[PDB]
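A structural walkthrough
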Amino acid sequence: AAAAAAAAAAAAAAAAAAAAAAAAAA
Amino acid sequence: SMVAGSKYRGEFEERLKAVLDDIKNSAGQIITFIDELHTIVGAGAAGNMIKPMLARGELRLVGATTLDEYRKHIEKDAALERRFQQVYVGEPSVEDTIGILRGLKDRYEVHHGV
Amino acid sequence: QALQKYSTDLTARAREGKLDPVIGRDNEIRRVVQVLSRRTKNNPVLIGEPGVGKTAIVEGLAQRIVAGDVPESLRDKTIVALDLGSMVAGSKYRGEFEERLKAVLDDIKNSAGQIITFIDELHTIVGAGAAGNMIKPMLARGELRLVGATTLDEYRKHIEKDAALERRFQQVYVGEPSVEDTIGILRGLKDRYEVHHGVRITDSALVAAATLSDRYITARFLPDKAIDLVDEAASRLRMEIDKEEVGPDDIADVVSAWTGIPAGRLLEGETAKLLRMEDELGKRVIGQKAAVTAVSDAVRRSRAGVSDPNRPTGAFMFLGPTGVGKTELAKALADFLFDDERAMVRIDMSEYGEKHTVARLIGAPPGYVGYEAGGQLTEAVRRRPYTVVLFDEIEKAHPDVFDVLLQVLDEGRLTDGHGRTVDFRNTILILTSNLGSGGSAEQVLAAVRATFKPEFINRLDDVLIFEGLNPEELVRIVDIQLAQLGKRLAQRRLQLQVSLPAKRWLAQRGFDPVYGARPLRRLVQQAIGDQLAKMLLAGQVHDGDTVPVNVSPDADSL
Amino acid sequence: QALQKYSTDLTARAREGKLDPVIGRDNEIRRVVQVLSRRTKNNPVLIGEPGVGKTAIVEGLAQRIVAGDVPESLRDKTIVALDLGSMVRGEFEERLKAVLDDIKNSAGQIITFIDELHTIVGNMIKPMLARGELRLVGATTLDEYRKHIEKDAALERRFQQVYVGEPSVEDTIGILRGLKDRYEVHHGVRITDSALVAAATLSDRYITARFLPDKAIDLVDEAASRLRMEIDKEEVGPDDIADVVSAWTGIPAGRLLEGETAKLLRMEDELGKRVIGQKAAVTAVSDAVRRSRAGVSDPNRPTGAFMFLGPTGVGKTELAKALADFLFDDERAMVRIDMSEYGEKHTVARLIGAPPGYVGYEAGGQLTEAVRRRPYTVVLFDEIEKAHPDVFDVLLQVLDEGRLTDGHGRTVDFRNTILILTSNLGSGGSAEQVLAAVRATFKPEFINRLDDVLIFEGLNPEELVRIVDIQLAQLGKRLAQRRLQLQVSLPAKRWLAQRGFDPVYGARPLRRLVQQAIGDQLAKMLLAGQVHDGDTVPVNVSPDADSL
Ligand SMILES: Nc1ncnc2c1ncn2[C@@H]1O[C@H](COP(=O)(O)OP(=O)(O)OP(O)(O)=S)[C@@H](O)[C@H]1O
Ligand SMILES: Nc1ncnc2c1ncn2[C@@H]1O[C@H](COP(=O)(O)OP(=O)(O)OP(O)(O)=S)[C@@H](O)[C@H]1O
Ligand SMILES: Nc1ncnc2c1ncn2[C@@H]1O[C@H](COP(=O)(O)OP(=O)(O)O)[C@@H](O)[C@H]1O
Ligand SMILES: Nc1ncnc2c1ncn2[C@@H]1O[C@H](COP(=O)(O)OP(=O)(O)O)[C@@H](O)[C@H]1O
């Protein structure tokens, strides 16, 4: 008499980023 | 085929229980072949009532997956992983490829008349 | 009669001479009894890591209750396990599972103490209702006992989401046993596997299995990882009679088919292979005596079982001038350990020139962009733990790669962001380099010491220095290149007839002693392959008819 | 009243008697009560090391409330302990909204307590928190307080940072003897008086990851825990402390006390168990290193600046490893830098660092960044005689002050290291012209600041045997897999001495030479046949080589 009615979802996964930090070469 | 029209509160698990009963009432005969058994992980919304059948030596269950689909699902599930072996099948050589290709030739001469 | 069908009996199965002998591990039965013999919060749970034995505790409790060797308030009790996979099955008319499990709990209320509920894998009662909040007031009334057994992490990922449940719980840790306790457990199990498979087991083959399987595979724990080798050896010995008992030969042969480490016995075909190996390795690398002998000895030592199993087999570095054979030699040892030129891991660290490239050989941290994928060096060795690993041009790597490469050495195992450890206990790390090229041995080793970390050299094996080249050496290299160019022409069945003045004329030309052997390869195809390639597509070089080569002042005519 | 089955309470339980002794620490309570009665900022956070007793601070505050000592403007508050495991999405904020709504349904004295809130702080609380109907007592950790609360802040301007600190030894003794009458219940013994201060004093030294308030709870409660076995002697003892701390750190129970005379008079022949040869040198070092431990000289100089030179391949760095593992108890605590590249002006700056912006900066100094962490190291200096004369000003204030500046700007302290300045010139002159060449090579002022210039020598032809004995001892330990033994023979053991000296390197061929002939011939033996387990492996000499 009762039905289940499966549902959806939403997944998040972000991304890191790097800085390069130049060197004045002396 | 198990999940087809099973849209009630208990229909999938009673179908699976009927299948496991028809496997259990036989003595030692039926060898189940389940290809692509990364599908056996979810399929509930259940799907967990296989561990007592596996961890008694009662089900026989030959089944093949790929490499990365193993570690994406089954290595994620480190309790299921104990009740299995691993038979690593590797690639053949070029000479063994030549040895294979002399066997499959008759079927390709039958299907295409060359 | 509310539970006569949905839960089969468990103690009566043990009474009919069925379950395993459980001799050993006496302590935490007494500890679970000491937890259980209280007035409130009895309700224990057996929690450890998967495989160290939690079936055996409940089976031993059943055996002691059947034997009647229990204290006062444990006599003639009946433990009953309920299955949550047949109770949920037929229930669809809007209320059936609710009042069904309510009637089951009401029948659990009937007997006091004699009924003991052992729910296997108790994280099915948290969900699988549409549950939980119908048995939850019933727990703290002393009616049902609720003994269970879970994994360590699944208890704190699914079960402990609600604090009001841990008031009705108490954890019991179970540790992995020793090696001597494994010997005792294997002597205790040494009657069930000889009746099932009708063969007899030598005690030497009983003691060698758990001894030998500890250097090898470490992902399964050790009450049962020694059972599997013995049972597979029994199955193989049953196969071979279709020498009539098992032996320590069979354990070594099964474990060298398993996970596939070829550190088996001394099969007599490879004895002359390992002894006569300096010349078999000298079939493609001609020259370099003292390096071939050192690499051959470092291979030969690990086969005989002498060196310490806490290191790689051979982890060493060789360098020198350019075009000498330092990249040729690593391709030559894998061409007979494997008979496959592509079963080795050849990565090139001339691309890891930044601090954030380490993640491409160790795998990403969990759940960023690529935790589906996994690493590159790590995941290829974990499946087959025997491959030889090159590292080409260790110079240009940023010296944060070396911080990760450090604990590979001197421990054996390497961690990753996946959360695991992969142990490189019998691989072959070969490091190549081209440092200096300006000293004999003083300046180049001074530059090596000025480029690495100070103890990073002592953990290595013999750092080898290569020779130059010689005019005497250069004839057989021309022989190798002519043989290769002949075998390349074997599809269209052409061949060559090379005269000895031409064969030494190829040795007079091309002796620039700073560029190594690589100019000669170019010089041959500037001489031979161009003229032949011009003639071959112009007719007149029809197949089968060979051509000789003849000397003409600076070319060579055909 | 509906959340108390889902949350907890330590106000109604505070009148039970489940509360601990509140011995000591009666000023931080005054600090917290001073923070708590203000217009803004009335939500203190206790910041300190974990495992010290911030929970005990809040329990002592509640115990002070239930009898009454705070002023009447904070009379009869109710304090709630929060269930920080009750949510771990779908629950990390879902039950949290009902809890915060039940706090909104108070308009009263339902002052909260969230422990380890740096894992729970995103901005859903801030309009409800800055409205002023709740007081958020919290406890955090110092290092994540510089991580979580300063970028994801949104209300970080609404906290006060009450520093709780480590206890002293005597305050720990007072708390520990306050918490002595509890353990007549779970365990039953007669508590020894001096065992309390003995366990605290012995836990003070070697335990590091645990901290002094409950570091003395990883003690005695454990000491009576394994004494449950003897009722399967009703007083604990210092050996009952000793067998717990000795069998947990894997260290033999020899130095159970007395770190100033025992293992200060042991500076003896146990060096000879590691250093064969150089008797008078061992005697001079053993004299010189214990002059610094009396406390007569200035407190800011290196502990020993003694330096020595002679041949190579003697023991000259084998002595160095022999005093790191004994006096500093660490096998890898030596720093061997080589001044064999320092002939120019642009080479000295590698051993101190670059300015912030130049070439070698992330690697730091070649010297200082290996002394900043682990400042309990012996330090060598190989081959000083080729160095340009711009090292000795850097090296001079090393042995003249206990401070030096790095490439960043931080400070390093050299007051508990050992400098050793080695060389190889000499070794043909006995004592006179070698010290004359030392006086000619360096300035005369450089030798007055240094300690003894003790002189090495060659080796005895009979004493050189025992080095090969120790090398064969290290040999046989590896082939315990085959469970073999090797019977060495003294003619071959004489024979390896002449072919293992080579008077240009000293005595260094041996790590290769003991491998080469012996191990390779026996490896061919074991892989071929004719030798099995239990074999004694006799060795001898066949005319030129050493046959088997
Ligand atoms: N002391 C012991 N003596 C004999 N066999 C033992 C002993 N301890 C464990 N075992 C064996 O170990 C197995 C029981 O371990 P398990 O309970 O299967 O571990 P587990 O982590 O609970 O995995 P699951 O959940 O039961 S599938 C059985 O094969 C037992 O025979
Ligand atoms: N002893 C040798 N026997 C046979 N061929 C050789 C020998 N030495 C060099 N060669 C040839 O010279 C080439 C050298 O290849 P590599 O080993 O890649 O060069 P290399 O010595 O590694 O120089 P670098 O600096 O690493 S590019 C090979 O392709 C060989 O055919
Ligand atoms: N004044 C005190 N009175 C009683 N016990 C204390 C006191 N200070 C610290 N403790 C001990 O420390 C424990 C509480 O430490 P706690 O503040 O919870 O540290 P953390 O919050 O880092 O776990 C208690 O179990 C108690 O035995
Ligand atoms: N008294 C000794 N004890 C132990 N090893 C010694 C001794 N004398 C010489 N040796 C050998 O010499 C080596 C140490 O040489 P080392 O002191 O490094 O030479 P250098 O003077 O170049 O530093 C060791 O490997 C060791 O086998």
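Residues numbered from 1 in each chain as written, not as in the entry; some residues may be left out. Chains lettered and ligands numbered in written order. Part of a larger assembly, values for the part shown. Heavy atoms only, no water. Residues with missing side-chain atoms left out of burial classes, pairs and counts.

The deposited coordinates derive from cryo-EM, with the record listing a resolution of 3.90 Å.

Some remarks on the overall build of chain C
Scanning chain C for helices and strands turns up 21 helices and 16 strands. In summary, chain C has a C-alpha radius of gyration of 34 Å against a globular reference of 24 Å for 558 residues, an excess of more than 25%. (Helix = DSSP H or I, 4+ residues; strand = E, 2+ residues; numbered from the N terminus. Rg over C-alpha atoms; globule rule 2.2 N^0.38 Å.)

Focus: the overall build of chain D
When its secondary structure is counted, chain D shows 17 helices and nine strands. Taking 548 residues into account, the globule formula puts the C-alpha radius of gyration at 24 Å, and chain D, at 33 Å, lies well above it.

Concerning the site of ligand 2
Residue and element names in this part refer to chain C. Near ligand 2 lie 13 residues; those nearest to it are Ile286, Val324, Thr327, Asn434 and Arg521. The backbone of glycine 325 places a nitrogen or oxygen atom 3.0 Å from an oxygen atom of ligand 2. With respect to ligand 2, the side chain of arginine 521 contributes an N or O atom lying 2.3 Å from an oxygen atom. Taken by itself ligand 2 offers 650 Å² of open surface, and the protein chains cover 84% of this. Of the residues belonging to the shell around ligand 2, the class tally is three nonpolar, five polar and five charged. (Near = heavy atom within 4 Å. Polar contact = N/O pair within 3.5 Å; in protein donor to acceptor, adjacent residues only side chain to side chain. Areas by Shrake-Rupley, 256 points an atom, 1.4 Å probe, with all protein chains shown as cover. Nonpolar A, V, L, I, M, F, W, Y, C, P; charged D, E, K, R; others polar.)

What about the arrangement of the chains?
Looking across the five pairs of chains in contact, one finds the most contacts between chains B and C. In this view chain B stays clear of chain D, with the nearest C-alpha atoms of the two still 17 Å from each other. (Contact = heavy atoms within 4.5 Å.)

Points about the sheet that holds strand β9 (residues 418-421) of chain D
Residues and elements named next belong to chain D. Spatial ordering of the open sheet is given by β5-β6-β9, a layout of three strands whose pairing is parallel. Only two strands of the sheet have a single partner each, and these edge strands are β5 (334-338) and β9. For this sheet, the mean angle separating the axes of adjacent strands, direction not counted, is 15°. With five bridges connecting them, β5 and strand β6 (residues 378-382) associate as parallel partners. Among the inter-strand pairings, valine 335 is bridged to a residue of β6, identified as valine 379. Sheet contacts for helix α11 (residues 318-327): β5, β6 and β9; angle to β6, the most-contacted strand, approximately 165°. (Pairing = 2+ DSSP bridges. Axes fitted to C-alpha atoms, helices over the stretch in contact; angles between N-to-C directions.)

Considering the site of ligand 3
Residue and element names in this part refer to chain D. In the vicinity of ligand 3, the contacting residues are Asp20, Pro21, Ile23, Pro50, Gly51, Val52, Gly53, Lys54, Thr55, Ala56 and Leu179. Contact distances for ligand 3 include 2.3 Å between an oxygen atom and a backbone N or O atom of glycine 51. One nitrogen or oxygen atom from the main chain of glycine 53 is found 2.8 Å from an oxygen atom belonging to ligand 3. In the complex, 72% of the free accessible area of ligand 3, which totals 570 Å², lies under the protein chains. Residues belonging to the shell around ligand 3 are distributed by class as follows: six nonpolar, three polar and two charged.

Some points on the packing of helix α1 (residues 28-36) of chain D against helix α2 (residues 54-67) of chain D
Residues and elements named next belong to chain D. Between α1 and α2, the least distance of the axes is 10 Å, while the angle of their chain directions is 75°. One way to sum up the angle between α1 and α2 is to call them roughly perpendicular. Here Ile29, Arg30, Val32 and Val33 of α1 come into contact with α2, specifically with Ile57, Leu61 and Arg64. Of the residues contributing to the contact of α1 with α2, the split by class is five nonpolar, no polar and two charged. (Parallel < 35°, antiparallel > 145°, perpendicular 65-115°, else oblique.)

As for the sheet that holds strand β5 (residues 171-173) of chain C
Residue and element names in this part refer to chain C. Spatially, β2-β3-β4-β1-β5 is the arrangement adopted by the five strands of the open sheet, whose pairing is parallel. Two strands lie at the open edges of the sheet, namely β2 (78-80) and β5, each paired on one side alone. If you compare each strand with its neighbour and ignore which way they point, the axes differ by 25° on average. One ladder, built from three bridges, connects strand β3 (residues 115-120) with strand β4 (residues 147-151); its direction is parallel. Considered in β4, the bridge of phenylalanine 118 is made with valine 147.

A look at helix α19 (residues 500-508) of chain C
All names here are of chain C. Where α19 is concerned, the buried positions are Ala502, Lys503, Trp505, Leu506 and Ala507. Check the buried side of α19 and you find it contacts α18 (474-488), α20 (518-527), β15 (550-552) and β16 (555-557). Note on α19: the residue one or two positions beyond its end, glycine 510, has a positive phi of about 70°. (Buried < 20%, exposed > 50% of the residue type's maximum accessible area, 1.4 Å probe, protein only.)

Topic: helix α3 (residues 94-104) of chain D
All names here are of chain D. Taken as a whole, α3 has its buried residues at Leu96, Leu100 and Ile103. Buried positions in α3, seen along its axis, are confined to an arc of 50° and lie on one side of it. Of the residues in α3, the exposed ones pointing more than 90 degrees away from the buried face are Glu94 and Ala98. Along its buried surface, α3 packs onto α4 (126-129). (Arc of directions from axis to C-beta.)

Topic: the interface of chain C and chain B
Residue-level contacts link 30 residues of chain C with 24 residues of chain B. Where B:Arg71 meets C:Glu379, a salt bridge forms, and the shortest distance between an N and an O atom there is 3.4 Å. Summed over the shared surface of chain C and chain B, the result is eight residue pairs in polar contact. Looking at the side of chain C that touches chain B element by element, the count peaks at three residues for helix α15 (residues 377-383) of chain C. Here the side of chain C that touches chain B is built from residues that sort into seven nonpolar, ten polar and 13 charged. (Salt bridge = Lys/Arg side-chain N within 4 Å of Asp/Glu carboxyl O.)

Some points on a positive patch on the surface
A cluster of like positive charges, contributed by B:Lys24, B:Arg56, C:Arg13 and C:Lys18, occupies part of the molecular surface. Structurally, the position occupied by B:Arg56 is in the loop between α2 (51-54) and α3 (68-73). (Patch = residues over 30% accessible without salt bridge, like charges linked within 9 Å, V, L, I, M, F, W, Y side chains within 5 Å. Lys, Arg positive; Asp, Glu negative; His and termini not counted. Charge placed at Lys NZ, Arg CZ, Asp CG, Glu CD.)

Concerning the side chain of D:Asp240
Residues and elements named next belong to chain D. Within the secondary structure layout, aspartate 240 lies in helix α9 (residues 238-249). Of the side chains with opposite charge, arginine 226 lies nearest to the buried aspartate 240, which makes no salt bridge, at 5.9 Å. The contacts of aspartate 240, once residues within four sequence positions are left out, are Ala223 and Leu227.

Notes on the pairing of strand β7 (residues 345-348) of chain C
Residue and element names in this part refer to chain C. Of the two faces of β7, only one is covered, namely that formed by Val345 and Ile347; the face formed by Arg346 and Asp348 stays uncovered. Relative to strand β8 (residues 388-392), β7 runs parallel, the two sharing four bridges. Note that in β8 the partner of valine 345 across the bridge is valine 389. This β-α-β element, β7 to α15 to β8, shows right-handed connectivity. (Right-handed = clockwise from strand over helix to strand, strands pointing away.)

Focus on the pattern of salt bridges
All told, the structure shown has 48 salt bridges over all chains when counted by the stated rule. Across the pair C:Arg493 and C:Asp543 runs a salt bridge, and its minimum N-O distance is 3.9 Å. Of the two residues, C:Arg493 is situated in the loop between α18 and β13 (496-497) and C:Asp543 in the loop between α21 (529-536) and β14 (547-548); the sequence distance between them amounts to 50 residues. Note that D:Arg374 and D:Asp330 form a salt bridge whose closest N and O atoms lie 3.3 Å from each other. Of this pair, D:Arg374 sits in the loop between β5 and β6 while D:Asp330 sits in the loop between α11 and β5, and the two are 44 residues apart along the sequence. Taken together, the shared-partner salt bridges connect C:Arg236, C:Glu240, C:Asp250 and C:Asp253 into one network.

A closer look at the environment of D:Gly409
Secondary-structure assignment places D:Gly409 in the loop between β7 (404-405) and β8 (411-412). Distance in space between the C-alpha atoms of D:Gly409 and D:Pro355 is 9.0 Å, their sequence separation being 54 residues.

Description of the nonpolar core
Inside soluble globular proteins, nonpolar side chains tend to come together where they are buried. In this structure, C:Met349 and C:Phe391 are the most contacted members of the largest nonpolar core, which totals 33 residues. For this core, the secondary-structure elements that each account for two or more residues are β6 (314-319), β7, α15, β8, α16 (401-406), β11 (428-432) and α17 (442-449) of chain C. Excluding anything up to four places from it in sequence, C:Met349 contacts C:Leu361, C:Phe391, C:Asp392, C:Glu393, C:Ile394, C:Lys396, C:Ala397 and C:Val401. Judged by nonpolar contacts, the second largest core, of 28 residues, contains D:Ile337, D:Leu351, D:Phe414 and D:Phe446. (Core = buried A, V, L, I, M, F, W, Y, C linked by side-chain atoms within 4.5 Å.)

As for the environment of C:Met138
All names here are of chain C. Structurally, the position occupied by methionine 138 is in helix α5 (residues 136-139). The exposure class of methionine 138 is partly exposed, given its relative accessible area of 22%. Expressed as a C-alpha distance, the spacing of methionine 138 and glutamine 170, which sit 32 residues apart in the sequence, is 17 Å. The contacts of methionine 138, once residues within four sequence positions are left out, are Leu105 and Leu144.

Topic: the packing of aromatic side chains
Residue and element names in this part refer to chain C. Counting across every chain of the model gives 13 aromatic pairs over all chains. Ring plane angle 80° and centroid distance 5.2 Å describe the contact between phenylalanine 452 and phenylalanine 456, whose orientation is recorded as edge-to-face. By the ring-pair criterion, three or more aromatic residues cluster together here, those being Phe316, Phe318 and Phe466. Sitting over the face of the ring of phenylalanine 338, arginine 384 holds its NZ or CZ atom 5.9 Å from the ring centroid. (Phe/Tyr/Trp six-rings, centres within 6.5 Å; stacked < 30°, edge-to-face > 60°. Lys NZ or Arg CZ within 6 Å of the ring centre and 35° of its normal.)

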